[PDB]
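Enquirer: Contents are mmCIF, C-alpha atoms and all ligand atoms; file name run12.cif:
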data_final
#
loop_
_atom_site.group_PDB
_atom_site.id
_atom_site.type_symbol
_atom_site.label_atom_id
_atom_site.label_comp_id
_atom_site.auth_asym_id
_atom_site.auth_seq_id
_atom_site.Cartn_x
_atom_site.Cartn_y
_atom_site.Cartn_z
ATOM 1 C CA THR A 1 104.814 58.096 91.627
ATOM 2 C CA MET A 2 105.525 59.003 95.207
ATOM 3 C CA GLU A 3 103.399 59.926 98.167
ATOM 4 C CA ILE A 4 104.034 63.471 99.360
ATOM 5 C CA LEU A 5 101.635 63.636 102.334
ATOM 6 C CA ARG A 6 99.917 61.048 104.542
ATOM 7 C CA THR A 7 97.931 61.128 107.756
ATOM 8 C CA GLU A 8 97.638 58.140 110.064
ATOM 9 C CA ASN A 9 94.500 57.754 112.167
ATOM 10 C CA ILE A 10 94.128 61.401 113.033
ATOM 11 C CA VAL A 11 91.822 61.929 116.014
ATOM 12 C CA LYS A 12 90.626 65.334 117.171
ATOM 13 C CA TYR A 13 88.249 66.125 119.987
ATOM 14 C CA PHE A 14 86.412 69.358 120.735
ATOM 15 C CA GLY A 15 85.345 68.875 124.314
ATOM 16 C CA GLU A 16 83.786 65.415 124.351
ATOM 17 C CA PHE A 17 83.095 65.518 120.554
ATOM 18 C CA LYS A 18 85.170 63.612 118.371
ATOM 19 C CA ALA A 19 85.501 65.817 115.178
ATOM 20 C CA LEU A 20 88.010 63.456 113.508
ATOM 21 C CA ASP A 21 87.816 59.744 114.229
ATOM 22 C CA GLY A 22 90.930 58.118 112.852
ATOM 23 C CA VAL A 23 91.460 59.750 109.482
ATOM 24 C CA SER A 24 94.165 58.267 107.256
ATOM 25 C CA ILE A 25 94.594 59.890 103.865
ATOM 26 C CA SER A 26 97.353 59.806 101.288
ATOM 27 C CA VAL A 27 98.219 62.493 98.739
ATOM 28 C CA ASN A 28 100.646 61.875 95.885
ATOM 29 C CA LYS A 29 102.931 64.561 94.468
ATOM 30 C CA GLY A 30 101.092 66.467 91.789
ATOM 31 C CA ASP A 31 97.636 65.004 92.528
ATOM 32 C CA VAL A 32 94.764 67.483 92.710
ATOM 33 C CA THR A 33 93.207 65.897 95.835
ATOM 34 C CA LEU A 34 89.726 66.898 96.860
ATOM 35 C CA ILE A 35 88.005 66.143 100.142
ATOM 36 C CA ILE A 36 84.224 66.628 100.096
ATOM 37 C CA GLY A 37 81.454 65.865 102.544
ATOM 38 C CA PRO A 38 78.393 67.448 104.183
ATOM 39 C CA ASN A 39 78.903 70.423 106.475
ATOM 40 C CA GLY A 40 80.298 69.471 109.854
ATOM 41 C CA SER A 41 81.894 66.259 108.631
ATOM 42 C CA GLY A 42 85.324 67.468 109.732
ATOM 43 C CA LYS A 43 86.977 68.604 106.494
ATOM 44 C CA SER A 44 88.160 72.008 107.747
ATOM 45 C CA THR A 45 89.285 70.365 111.008
ATOM 46 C CA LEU A 46 91.426 67.785 109.132
ATOM 47 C CA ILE A 47 93.012 70.516 107.045
ATOM 48 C CA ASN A 48 93.520 72.686 110.171
ATOM 49 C CA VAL A 49 95.362 69.792 111.856
ATOM 50 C CA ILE A 50 97.499 69.164 108.749
ATOM 51 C CA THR A 51 98.396 72.863 108.336
ATOM 52 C CA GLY A 52 99.250 73.761 111.946
ATOM 53 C CA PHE A 53 96.073 75.443 113.172
ATOM 54 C CA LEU A 54 94.993 72.578 115.429
ATOM 55 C CA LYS A 55 96.936 69.856 117.154
ATOM 56 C CA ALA A 56 96.074 66.193 116.572
ATOM 57 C CA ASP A 57 95.169 64.371 119.826
ATOM 58 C CA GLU A 58 96.110 61.097 118.220
ATOM 59 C CA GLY A 59 97.759 60.383 114.892
ATOM 60 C CA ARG A 60 100.679 61.252 112.686
ATOM 61 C CA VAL A 61 101.028 63.543 109.651
ATOM 62 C CA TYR A 62 103.973 63.050 107.259
ATOM 63 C CA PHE A 63 105.214 65.415 104.583
ATOM 64 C CA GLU A 64 107.727 63.600 102.381
ATOM 65 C CA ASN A 65 107.958 61.189 105.323
ATOM 66 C CA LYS A 66 109.192 63.763 107.595
ATOM 67 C CA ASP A 67 106.916 63.753 110.655
ATOM 68 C CA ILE A 68 105.331 67.200 110.600
ATOM 69 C CA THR A 69 102.686 66.222 113.135
ATOM 70 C CA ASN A 70 101.649 69.342 115.038
ATOM 71 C CA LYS A 71 103.956 71.982 113.561
ATOM 72 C CA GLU A 72 102.757 75.561 113.248
ATOM 73 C CA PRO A 73 102.229 77.285 109.840
ATOM 74 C CA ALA A 74 105.425 79.259 110.248
ATOM 75 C CA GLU A 75 107.364 76.015 110.399
ATOM 76 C CA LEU A 76 105.344 74.178 107.731
ATOM 77 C CA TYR A 77 106.142 77.004 105.342
ATOM 78 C CA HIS A 78 109.803 75.862 105.473
ATOM 79 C CA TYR A 79 108.585 72.383 104.549
ATOM 80 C CA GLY A 80 106.804 73.730 101.454
ATOM 81 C CA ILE A 81 103.244 73.577 102.752
ATOM 82 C CA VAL A 82 101.137 76.664 102.347
ATOM 83 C CA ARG A 83 97.529 77.509 102.802
ATOM 84 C CA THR A 84 95.458 80.087 100.889
ATOM 85 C CA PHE A 85 93.692 82.605 103.076
ATOM 86 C CA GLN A 86 90.647 84.756 102.387
ATOM 87 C CA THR A 87 91.576 88.357 101.749
ATOM 88 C CA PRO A 88 91.007 90.591 104.807
ATOM 89 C CA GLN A 89 89.273 93.934 104.125
ATOM 90 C CA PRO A 90 92.342 96.161 104.630
ATOM 91 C CA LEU A 91 94.301 94.184 101.995
ATOM 92 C CA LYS A 92 91.562 95.193 99.562
ATOM 93 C CA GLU A 93 92.795 98.741 100.140
ATOM 94 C CA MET A 94 96.241 97.715 98.988
ATOM 95 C CA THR A 95 97.323 97.047 95.455
ATOM 96 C CA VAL A 96 97.491 93.598 93.930
ATOM 97 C CA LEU A 97 101.294 93.765 94.154
ATOM 98 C CA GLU A 98 101.192 94.729 97.844
ATOM 99 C CA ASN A 99 98.860 91.820 98.351
ATOM 100 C CA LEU A 100 101.586 89.502 97.059
ATOM 101 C CA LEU A 101 104.493 91.233 98.838
ATOM 102 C CA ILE A 102 103.030 91.417 102.370
ATOM 103 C CA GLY A 103 103.404 87.676 102.707
ATOM 104 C CA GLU A 104 107.168 88.140 103.021
ATOM 105 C CA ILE A 105 106.931 89.465 106.562
ATOM 106 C CA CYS A 106 104.835 86.666 108.107
ATOM 107 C CA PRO A 107 105.401 84.043 105.378
ATOM 108 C CA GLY A 108 102.773 81.316 105.258
ATOM 109 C CA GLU A 109 100.711 82.978 107.974
ATOM 110 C CA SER A 110 97.279 84.556 107.860
ATOM 111 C CA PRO A 111 97.241 87.895 106.005
ATOM 112 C CA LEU A 112 95.931 89.609 109.149
ATOM 113 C CA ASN A 113 99.108 88.368 110.865
ATOM 114 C CA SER A 114 101.182 89.870 108.057
ATOM 115 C CA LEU A 115 99.083 92.990 107.810
ATOM 116 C CA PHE A 116 99.523 93.643 111.510
ATOM 117 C CA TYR A 117 103.287 93.143 111.612
ATOM 118 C CA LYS A 118 103.920 95.312 108.545
ATOM 119 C CA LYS A 119 105.976 98.459 108.934
ATOM 120 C CA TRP A 120 106.438 99.055 105.227
ATOM 121 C CA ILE A 121 105.647 96.611 102.413
ATOM 122 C CA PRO A 122 108.973 95.016 101.388
ATOM 123 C CA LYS A 123 110.158 95.932 97.877
ATOM 124 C CA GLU A 124 113.324 93.916 97.266
ATOM 125 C CA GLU A 125 114.495 92.661 93.892
ATOM 126 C CA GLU A 126 113.990 88.875 93.984
ATOM 127 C CA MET A 127 110.732 89.536 95.833
ATOM 128 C CA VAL A 128 109.255 91.823 93.206
ATOM 129 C CA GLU A 129 110.561 89.536 90.465
ATOM 130 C CA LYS A 130 108.776 86.650 92.129
ATOM 131 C CA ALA A 131 105.542 88.639 92.521
ATOM 132 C CA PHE A 132 105.564 89.739 88.898
ATOM 133 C CA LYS A 133 106.383 86.233 87.652
ATOM 134 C CA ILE A 134 103.330 85.100 89.623
ATOM 135 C CA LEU A 135 101.203 87.953 88.204
ATOM 136 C CA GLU A 136 102.202 86.879 84.707
ATOM 137 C CA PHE A 137 101.126 83.325 85.508
ATOM 138 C CA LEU A 138 97.713 84.517 86.646
ATOM 139 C CA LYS A 139 97.650 86.964 83.711
ATOM 140 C CA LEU A 140 97.053 89.815 86.163
ATOM 141 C CA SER A 141 100.279 91.766 85.501
ATOM 142 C CA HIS A 142 98.514 94.920 84.288
ATOM 143 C CA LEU A 143 96.561 94.968 87.560
ATOM 144 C CA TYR A 144 99.678 95.206 89.734
ATOM 145 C CA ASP A 145 98.748 98.676 91.096
ATOM 146 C CA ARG A 146 94.973 98.209 91.129
ATOM 147 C CA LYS A 147 93.427 98.156 94.607
ATOM 148 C CA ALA A 148 92.510 94.592 95.490
ATOM 149 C CA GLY A 149 88.984 95.805 96.302
ATOM 150 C CA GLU A 150 88.366 96.871 92.710
ATOM 151 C CA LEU A 151 89.075 93.395 91.343
ATOM 152 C CA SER A 152 86.307 90.990 90.485
ATOM 153 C CA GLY A 153 85.640 88.300 93.105
ATOM 154 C CA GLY A 154 87.335 85.818 90.768
ATOM 155 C CA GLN A 155 90.411 87.995 90.239
ATOM 156 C CA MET A 156 90.684 88.349 94.042
ATOM 157 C CA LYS A 157 90.657 84.514 94.323
ATOM 158 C CA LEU A 158 93.502 84.229 91.830
ATOM 159 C CA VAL A 159 95.390 86.830 93.888
ATOM 160 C CA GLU A 160 94.889 84.675 96.999
ATOM 161 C CA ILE A 161 96.430 81.719 95.167
ATOM 162 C CA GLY A 162 99.119 84.184 94.073
ATOM 163 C CA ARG A 163 100.008 84.878 97.728
ATOM 164 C CA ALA A 164 100.372 81.178 98.395
ATOM 165 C CA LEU A 165 102.685 80.985 95.364
ATOM 166 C CA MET A 166 104.978 83.695 96.752
ATOM 167 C CA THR A 167 106.246 81.135 99.249
ATOM 168 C CA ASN A 168 107.391 78.834 96.396
ATOM 169 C CA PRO A 169 105.286 75.921 97.745
ATOM 170 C CA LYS A 170 105.316 72.186 97.093
ATOM 171 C CA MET A 171 101.781 71.799 98.378
ATOM 172 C CA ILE A 172 98.969 74.329 98.418
ATOM 173 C CA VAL A 173 96.027 73.692 100.695
ATOM 174 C CA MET A 174 92.658 75.290 99.916
ATOM 175 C CA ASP A 175 89.524 75.167 102.043
ATOM 176 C CA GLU A 176 86.537 75.701 99.755
ATOM 177 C CA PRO A 177 88.172 77.946 97.103
ATOM 178 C CA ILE A 178 85.228 77.741 94.698
ATOM 179 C CA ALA A 179 82.381 77.849 97.190
ATOM 180 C CA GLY A 180 79.494 79.829 95.718
ATOM 181 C CA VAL A 181 81.118 80.675 92.379
ATOM 182 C CA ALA A 182 79.463 80.397 88.980
ATOM 183 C CA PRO A 183 80.648 77.554 86.679
ATOM 184 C CA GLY A 184 82.906 79.787 84.614
ATOM 185 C CA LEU A 185 84.877 80.977 87.625
ATOM 186 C CA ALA A 186 85.089 77.428 89.032
ATOM 187 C CA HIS A 187 86.623 76.366 85.711
ATOM 188 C CA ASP A 188 88.931 79.379 85.707
ATOM 189 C CA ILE A 189 90.331 78.666 89.149
ATOM 190 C CA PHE A 190 90.684 75.001 88.392
ATOM 191 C CA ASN A 191 92.347 75.636 85.011
ATOM 192 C CA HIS A 192 95.052 77.546 86.887
ATOM 193 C CA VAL A 193 95.269 74.681 89.381
ATOM 194 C CA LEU A 194 95.951 72.302 86.473
ATOM 195 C CA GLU A 195 98.616 74.661 85.160
ATOM 196 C CA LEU A 196 100.256 74.682 88.585
ATOM 197 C CA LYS A 197 100.016 70.907 88.776
ATOM 198 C CA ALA A 198 102.094 70.805 85.543
ATOM 199 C CA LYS A 199 104.831 72.612 87.475
ATOM 200 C CA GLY A 200 104.874 69.873 90.092
ATOM 201 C CA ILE A 201 102.693 71.602 92.674
ATOM 202 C CA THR A 202 100.404 69.399 94.800
ATOM 203 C CA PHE A 203 96.909 70.497 95.880
ATOM 204 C CA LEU A 204 94.815 69.392 98.815
ATOM 205 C CA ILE A 205 91.441 71.070 98.474
ATOM 206 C CA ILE A 206 88.157 70.886 100.370
ATOM 207 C CA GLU A 207 84.788 71.560 98.755
ATOM 208 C CA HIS A 208 81.299 70.872 99.999
ATOM 209 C CA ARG A 209 80.349 68.802 96.900
ATOM 210 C CA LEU A 210 81.828 67.939 93.500
ATOM 211 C CA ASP A 211 80.188 68.706 90.105
ATOM 212 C CA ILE A 212 81.585 71.328 87.725
ATOM 213 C CA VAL A 213 85.271 70.598 88.381
ATOM 214 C CA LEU A 214 84.805 66.851 88.421
ATOM 215 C CA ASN A 215 87.293 66.234 85.595
ATOM 216 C CA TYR A 216 90.001 68.253 87.337
ATOM 217 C CA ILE A 217 90.173 65.895 90.331
ATOM 218 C CA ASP A 218 92.810 63.170 90.556
ATOM 219 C CA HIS A 219 91.924 61.817 93.957
ATOM 220 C CA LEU A 220 88.704 62.099 95.927
ATOM 221 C CA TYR A 221 87.807 61.506 99.572
ATOM 222 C CA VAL A 222 84.328 61.833 101.051
ATOM 223 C CA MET A 223 84.086 62.491 104.787
ATOM 224 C CA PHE A 224 81.175 61.937 107.146
ATOM 225 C CA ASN A 225 81.136 62.325 110.939
ATOM 226 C CA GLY A 226 84.886 62.772 111.143
ATOM 227 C CA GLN A 227 85.598 59.643 109.131
ATOM 228 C CA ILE A 228 86.512 58.797 105.529
ATOM 229 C CA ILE A 229 83.537 56.923 104.062
ATOM 230 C CA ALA A 230 84.493 56.814 100.369
ATOM 231 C CA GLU A 231 87.478 57.370 98.112
ATOM 232 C CA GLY A 232 88.094 57.433 94.387
ATOM 233 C CA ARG A 233 91.208 57.573 92.239
ATOM 234 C CA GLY A 234 90.524 58.543 88.672
ATOM 235 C CA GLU A 235 87.583 59.805 86.661
ATOM 236 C CA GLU A 236 85.537 56.605 86.658
ATOM 237 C CA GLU A 237 86.066 55.739 90.342
ATOM 238 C CA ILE A 238 85.349 59.368 91.254
ATOM 239 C CA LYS A 239 82.108 59.231 89.233
ATOM 240 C CA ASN A 240 81.261 55.906 90.904
ATOM 241 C CA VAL A 241 81.813 57.569 94.279
ATOM 242 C CA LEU A 242 79.609 60.540 93.488
ATOM 243 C CA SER A 243 76.809 58.196 92.426
ATOM 244 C CA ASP A 244 77.315 55.933 95.401
ATOM 245 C CA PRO A 245 73.925 55.559 97.139
ATOM 246 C CA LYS A 246 75.538 55.980 100.563
ATOM 247 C CA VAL A 247 77.365 59.141 99.418
ATOM 248 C CA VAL A 248 74.244 60.868 98.149
ATOM 249 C CA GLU A 249 72.310 59.913 101.261
ATOM 250 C CA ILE A 250 74.597 62.005 103.450
ATOM 251 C CA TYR A 251 73.648 64.858 101.126
ATOM 252 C CA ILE A 252 69.902 64.754 101.717
ATOM 253 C CA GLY A 253 68.768 68.361 102.023
ATOM 254 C CA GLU A 254 72.206 69.928 101.842
HETATM 255 N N1 LIG A 301 87.544 75.086 116.930
HETATM 256 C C1 LIG A 301 86.467 74.356 117.194
HETATM 257 N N2 LIG A 301 86.009 74.280 118.453
HETATM 258 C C2 LIG A 301 84.944 73.545 118.767
HETATM 259 N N3 LIG A 301 84.308 72.852 117.797
HETATM 260 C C3 LIG A 301 84.726 72.858 116.520
HETATM 261 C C4 LIG A 301 85.854 73.644 116.195
HETATM 262 N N4 LIG A 301 86.053 73.526 114.930
HETATM 263 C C5 LIG A 301 85.124 72.686 114.432
HETATM 264 N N5 LIG A 301 84.293 72.279 115.395
HETATM 265 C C6 LIG A 301 83.125 71.274 115.192
HETATM 266 O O1 LIG A 301 83.648 70.206 114.349
HETATM 267 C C7 LIG A 301 82.583 69.741 113.482
HETATM 268 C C8 LIG A 301 82.836 70.105 112.035
HETATM 269 O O2 LIG A 301 84.165 70.274 111.710
HETATM 270 P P1 LIG A 301 84.483 71.248 110.526
HETATM 271 O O3 LIG A 301 85.903 71.184 110.284
HETATM 272 O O4 LIG A 301 84.107 72.617 110.735
HETATM 273 O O5 LIG A 301 83.572 70.666 109.367
HETATM 274 P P2 LIG A 301 83.445 70.894 107.814
HETATM 275 O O6 LIG A 301 84.630 71.701 107.371
HETATM 276 O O7 LIG A 301 83.404 69.621 107.076
HETATM 277 O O8 LIG A 301 82.056 71.638 107.617
HETATM 278 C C9 LIG A 301 81.378 70.486 113.826
HETATM 279 O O9 LIG A 301 80.524 69.815 114.749
HETATM 280 C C10 LIG A 301 81.911 71.774 114.359
HETATM 281 O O10 LIG A 301 80.856 72.433 115.035
HETATM 282 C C1 LIG A 302 106.850 84.772 111.196
HETATM 283 HG HG1 LIG A 302 106.623 87.420 111.108
HETATM 284 MG MG MG A 303 84.684 73.637 106.544
#
Represent the structure from my file as structure tokens, please.

Expert:
Amino acid sequence: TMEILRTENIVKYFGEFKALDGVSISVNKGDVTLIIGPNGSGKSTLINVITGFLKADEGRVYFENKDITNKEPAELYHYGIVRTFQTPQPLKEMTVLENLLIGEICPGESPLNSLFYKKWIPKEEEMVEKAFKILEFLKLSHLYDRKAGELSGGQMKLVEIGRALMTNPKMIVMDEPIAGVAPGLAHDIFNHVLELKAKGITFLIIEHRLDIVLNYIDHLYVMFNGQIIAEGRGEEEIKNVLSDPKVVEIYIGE
């Protein structure tokens, strides 16, 4: 079992505010890693540093040991690191298939980036074969021509994961993919995550808390004030963590 991603004492300031105070995490290939913590604890910031949206002021980030510290999304895409993005409104006017194909212009970048650089949605062989192979995986093949806006919220979320898959990634990073969903949808999204894990794909996900999808998590990290305050590897440890007095205290009123 090998480590696929590690961060070493990542520090990030926003003015005089230290958002990340020396965060060192480790993700192993295939692990569904979840980072939780109260709002403002620095989870999105950590992920933004790891995925090229923010530079680390101090610290190193390694993907397969290759120092990827501070590389933009366009470069990280070549390394096999992708991020899921929320679907912009205009993409909801495009078909499910177009939603998967538009990522070939600005690969690994925000959909707005791709949507604004698009002359005509690419329709090449290997591309369409990839898209349809992904639609089969998500069991959304018959929806290929349906406008993204007419999909259920949950089907739209699967399509967002589908876009990330277009880039044939090694690691998919998701910032709060199941925020606000009902238990059934949370299970649905996470069932597909498990299926993707079986194919060797690694997941680094952020969620506010952990409950419904508890048994889907291989590795857990709890953040607070830009620092890692707890960690669990495995069902029992993860359950210990969630019941940790100090962990529930940071959740008073949240
Ligand atoms: N781009 C930014 N510029 C200035 N402050 C930021 C920026 N991004 C995040 N912050 C601050 O960092 C802290 C939280 O980090 P964030 O990643 O958003 O937390 P979380 O994802 O855990 O809710 C907050 O105090 C937030 O206001
Ligand atoms: C990178 Hg267009
Ligand atoms: Mg956040």

Enquirer: Using all atoms listed in the file, which residues of chain A come within 10 Å of ligand LIG 301 (chain A), and what is the closest atom pair for each, with the distance in Å to one decimal? Give it as a Markdown table, sorted by chain and residue number.

Expert:
| residue | atom | partner | partner_atom | distance |
| --- | --- | --- | --- | --- |
| A:12 | CA | A:LIG301 | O1 | 9.0 |
| A:13 | CA | A:LIG301 | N3 | 8.1 |
| A:14 | CA | A:LIG301 | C2 | 4.9 |
| A:15 | CA | A:LIG301 | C2 | 7.3 |
| A:16 | CA | A:LIG301 | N3 | 9.9 |
| A:17 | CA | A:LIG301 | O9 | 7.7 |
| A:18 | CA | A:LIG301 | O1 | 7.9 |
| A:19 | CA | A:LIG301 | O1 | 4.8 |
| A:20 | CA | A:LIG301 | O2 | 8.0 |
| A:35 | CA | A:LIG301 | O7 | 9.0 |
| A:36 | CA | A:LIG301 | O7 | 7.6 |
| A:37 | CA | A:LIG301 | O7 | 6.2 |
| A:38 | CA | A:LIG301 | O7 | 6.2 |
| A:39 | CA | A:LIG301 | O8 | 3.6 |
| A:40 | CA | A:LIG301 | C8 | 3.4 |
| A:41 | CA | A:LIG301 | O7 | 4.0 |
| A:42 | CA | A:LIG301 | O2 | 3.6 |
| A:43 | CA | A:LIG301 | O7 | 3.8 |
| A:44 | CA | A:LIG301 | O3 | 3.5 |
| A:45 | CA | A:LIG301 | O3 | 3.6 |
| A:46 | CA | A:LIG301 | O3 | 6.6 |
| A:47 | CA | A:LIG301 | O3 | 7.8 |
| A:48 | CA | A:LIG301 | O3 | 7.8 |
| A:49 | CA | A:LIG301 | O3 | 9.7 |
| A:53 | CA | A:LIG301 | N1 | 9.3 |
| A:54 | CA | A:LIG301 | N1 | 8.0 |
| A:175 | CA | A:LIG301 | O6 | 8.0 |
| A:176 | CA | A:LIG301 | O6 | 8.8 |
| A:206 | CA | A:LIG301 | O6 | 7.9 |
| A:207 | CA | A:LIG301 | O6 | 8.6 |
| A:208 | CA | A:LIG301 | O7 | 7.5 |
| A:222 | CA | A:LIG301 | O7 | 9.9 |
| A:223 | CA | A:LIG301 | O7 | 7.5 |
| A:224 | CA | A:LIG301 | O7 | 8.0 |
| A:225 | CA | A:LIG301 | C7 | 8.0 |
| A:226 | CA | A:LIG301 | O2 | 7.6 |

Enquirer: Fewer than 5 positions away in the same chain doesn't count, so skip those; otherwise give me all residues within 10 Å of residue 67 of chain A, counting all atoms listed in the file, as an NGL selection string.

Expert: :A and (5-7 or 60-62)

Enquirer: Please save C-alpha atoms of the selected residues as a short mmCIF file (atom, residue, chain, number, x, y, z; two decimals), keeping the file's coordinate frame.

Expert:
data_model
loop_
_atom_site.label_atom_id
_atom_site.label_comp_id
_atom_site.auth_asym_id
_atom_site.auth_seq_id
_atom_site.Cartn_x
_atom_site.Cartn_y
_atom_site.Cartn_z
CA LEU A 5 101.64 63.64 102.33
CA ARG A 6 99.92 61.05 104.54
CA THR A 7 97.93 61.13 107.76
CA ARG A 60 100.68 61.25 112.69
CA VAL A 61 101.03 63.54 109.65
CA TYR A 62 103.97 63.05 107.26
#

Enquirer: Kindly assemble as CSV a list of the chain A residues that lie within 10 Å of ligand LIG 302 (chain A), each paired with its nearest atom pair and their distance in Å to one decimal, using all atoms listed in the file, sorted first by chain and then by ascending residue number.

Expert:
residue,atom,partner,partner_atom,distance
A:73,CA,A:LIG302,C1,8.9
A:74,CA,A:LIG302,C1,5.8
A:75,CA,A:LIG302,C1,8.8
A:77,CA,A:LIG302,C1,9.8
A:103,CA,A:LIG302,HG1,9.0
A:104,CA,A:LIG302,HG1,8.1
A:105,CA,A:LIG302,HG1,5.0
A:106,CA,A:LIG302,HG1,3.6
A:107,CA,A:LIG302,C1,6.0
A:108,CA,A:LIG302,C1,8.0
A:109,CA,A:LIG302,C1,7.2
A:113,CA,A:LIG302,HG1,7.6
A:114,CA,A:LIG302,HG1,6.7
A:115,CA,A:LIG302,HG1,9.9
A:116,CA,A:LIG302,HG1,9.4
A:117,CA,A:LIG302,HG1,6.6
A:118,CA,A:LIG302,HG1,8.7

Enquirer: With all atoms listed in the file as the counted atoms, please give the residues lying no more than 12 Å from residue 184 of chain A, apart from itself and same-chain residues fewer than 5 positions off, as a list in words.

Expert: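 Near residue 184 of chain A, the qualifying residues are residues 154, 178, 189, 190, 191, 212 and 213 of chain A.
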
Enquirer: Go ahead and save the residues from that selection, with C-alpha atoms, as a compact mmCIF listing (two decimals), in the coordinates of the input.

Expert:
# COMPACT_ATOMS: atom_id res chain seq x y z
CA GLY A 154 87.34 85.82 90.77
CA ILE A 178 85.23 77.74 94.70
CA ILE A 189 90.33 78.67 89.15
CA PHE A 190 90.68 75.00 88.39
CA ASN A 191 92.35 75.64 85.01
CA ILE A 212 81.58 71.33 87.72
CA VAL A 213 85.27 70.60 88.38

Enquirer: The PyMOL selection byres (((chain A and resi 170) around 9) and not hetatm) on the file shown: which residues, as a PDB file with C-alpha atoms, keeping the file's coordinate frame?

Expert:
ATOM      1  CA  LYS A  29     102.931  64.561  94.468  1.00  0.00           C
ATOM      2  CA  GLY A  30     101.092  66.467  91.789  1.00  0.00           C
ATOM      3  CA  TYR A  79     108.585  72.383 104.549  1.00  0.00           C
ATOM      4  CA  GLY A  80     106.804  73.730 101.454  1.00  0.00           C
ATOM      5  CA  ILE A  81     103.244  73.577 102.752  1.00  0.00           C
ATOM      6  CA  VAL A  82     101.137  76.664 102.347  1.00  0.00           C
ATOM      7  CA  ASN A 168     107.391  78.834  96.396  1.00  0.00           C
ATOM      8  CA  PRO A 169     105.286  75.921  97.745  1.00  0.00           C
ATOM      9  CA  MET A 171     101.781  71.799  98.378  1.00  0.00           C
ATOM     10  CA  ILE A 172      98.969  74.329  98.418  1.00  0.00           C
ATOM     11  CA  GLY A 200     104.874  69.873  90.092  1.00  0.00           C
ATOM     12  CA  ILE A 201     102.693  71.602  92.674  1.00  0.00           C
ATOM     13  CA  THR A 202     100.404  69.399  94.800  1.00  0.00           C
ATOM     14  CA  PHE A 203      96.909  70.497  95.880  1.00  0.00           C
TER      15      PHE A 203
END

Enquirer: Which residue out of A:197, A:142, A:239, A:209 has the minimum interatomic distance to ligand MG 303 (chain A) when all atoms listed in the file are used?

Expert: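 Of all the options, A:209 lies closest to ligand MG 303 (chain A).
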
Enquirer: For atom CA of residue 58 of chain A and atom CA of residue 8 of chain A, determine how far apart the two atoms are, in Å to one decimal place.

Expert: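 Interatomic distance here is 8.8 Å.
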
Enquirer: Taking all atoms listed in the file into account, which of A:63, A:159, A:245, A:56 comes nearest residue 78 of chain A?

Expert: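 Of the candidates, the smallest distance to residue 78 of chain A is held by A:63.
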
Enquirer: From the set A:52, A:84, A:150, A:246, which residue has the shortest atom-to-atom contact distance to residue 69 of chain A, counting all atoms listed in the file?

Expert: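 The closest residue to residue 69 of chain A is A:52.
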
Enquirer: Kindly compute an axis-aligned box around the listed atoms of segment 166-175 of chain A, allowing 6 Å on each side, and express its centre and edge lengths in Å to one decimal as AutoDock Vina command-line options.

Expert:
--center_x 98.5 --center_y 77.7 --center_z 99.2 --size_x 29.9 --size_y 23.9 --size_z 17.6

Enquirer: For a quick check of understanding, using only C-alpha atoms, which of A:160, A:244, A:218, A:72 has the smallest distance to residue 101 of chain A?

Expert: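 For residue 101 of chain A, the nearest of the candidates is A:160.
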
Enquirer: I need the residue nearest residue 3 of chain A from this list: A:50, A:229, A:65, A:156. Use only C-alpha atoms for the distance.

Expert: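 Answer, going by the shortest atom-to-atom distance: A:65.
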
Enquirer: Compute the distance from (93.0, 84.0, 109.0) to each atom, counting all atoms listed in the file, keep the residues with any atom at most 9 Å away, and return them as a ChimeraX atom specification; use the coordinates of the file.

Expert: /A:85-88,109-113

Enquirer: Generate the output file for the selected residues, C-alpha atoms, as a short mmCIF file (atom, residue, chain, number, x, y, z; two decimals), in the coordinates of the input.

Expert:
data_model
loop_
_atom_site.label_atom_id
_atom_site.label_comp_id
_atom_site.auth_asym_id
_atom_site.auth_seq_id
_atom_site.Cartn_x
_atom_site.Cartn_y
_atom_site.Cartn_z
CA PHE A 85 93.69 82.60 103.08
CA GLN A 86 90.65 84.76 102.39
CA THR A 87 91.58 88.36 101.75
CA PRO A 88 91.01 90.59 104.81
CA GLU A 109 100.71 82.98 107.97
CA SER A 110 97.28 84.56 107.86
CA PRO A 111 97.24 87.90 106.00
CA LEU A 112 95.93 89.61 109.15
CA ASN A 113 99.11 88.37 110.86
#

Enquirer: Restricting the calculation to all atoms listed in the file: of A:10, A:174, A:66, A:182, which residue gets closest to ligand MG 303 (chain A)?

Expert: A:174

Enquirer: Any idea what the distance is between atom CA of residue 21 of chain A and atom CA of residue 180 of chain A?

Expert: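 We find that atom CA of residue 21 of chain A and atom CA of residue 180 of chain A lie 28.6 Å from each other.
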
Enquirer: As an exercise, work out the distance from atom CA of residue 11 of chain A to atom CA of residue 204 of chain A in Å and give it to one decimal place.

Expert: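 So the answer is 19.0 Å.
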
Enquirer: Evaluated on this file, the PyMOL selection byres (((chain A and resi 97) around 8) and not hetatm) picks out some residues - which ones are they, written as a list in words?

Expert: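 When the PyMOL selection byres (((chain A and resi 97) around 8) and not hetatm) is applied, the selected residues are residues 95, 96, 98, 99, 100, 101, 131, 132, 144 and 145 of chain A.
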